[PDB]
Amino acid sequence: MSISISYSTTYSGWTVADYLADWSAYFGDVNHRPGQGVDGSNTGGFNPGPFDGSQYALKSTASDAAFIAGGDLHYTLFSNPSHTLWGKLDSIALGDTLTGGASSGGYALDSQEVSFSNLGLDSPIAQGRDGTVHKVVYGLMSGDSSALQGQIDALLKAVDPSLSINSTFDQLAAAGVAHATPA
């Protein structure tokens, strides 16, 4: 089934590309890479975890921004191929104010702005950090929504070549692939 998008009416008139570039700049870069400090402020977490879950969530170290990746996700840690996030990525939820976690039975956003669902992304462990799931999520961790934008653009064009990340949310709701939520 086709990509589905939920959006707050606050963002009705934004293009998907402008929204993702702006949100990613607001979230910023948590600096989760070799040669940087990595600690409980920038690892994120899995539900249920420790290294696998139906959700991976991370809060910004620069703002109240957070995201939740949903599907059937796995992290290799030191195991070949090292530091790979792989598996099935069904959804990305973007907003502010991460709540919950494994002990609550799930993460949530107190202010969810936009979700992309039915992404249908499935990256095998063998692709390592070249897997699309890894690139999408690591991009969001790192201040760069370009991989997510490219996958949304392809999913929209697959529904109809007239739809793209340059469509507004309201245009995508008219097209039948998005749904507004009251702000």
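All residue numbers refer to positions in the sequence shown, first residue = 1.
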Item to complete: Give the stretch, out of 139-147 and 153-161, with the larger mean C-alpha temperature factor in the deposited entry.
Response: 153-161
Fill in: Mean C-alpha B-factor comparison - 30-38 and 60-68, higher one
30-38
Worksheet item: By the record's CA B-factor, is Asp90 among the lowest, middle or highest third of residues in the chain?
Response: lowest
Worksheet item: Should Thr43 be placed in the lowest, middle or highest third of its chain by the C-alpha B factor in the entry?
Response: lowest
Worksheet item: Among the chain's modelled residues, which third holds the C-alpha B-factor of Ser123?
Response: middle
Worksheet item: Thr84's Cα B-factor: lowest, middle or highest third of the chain?
Response: lowest
Fill in: Chain third (lowest, middle, highest) by recorded CA B-factor, residue given as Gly49
middle
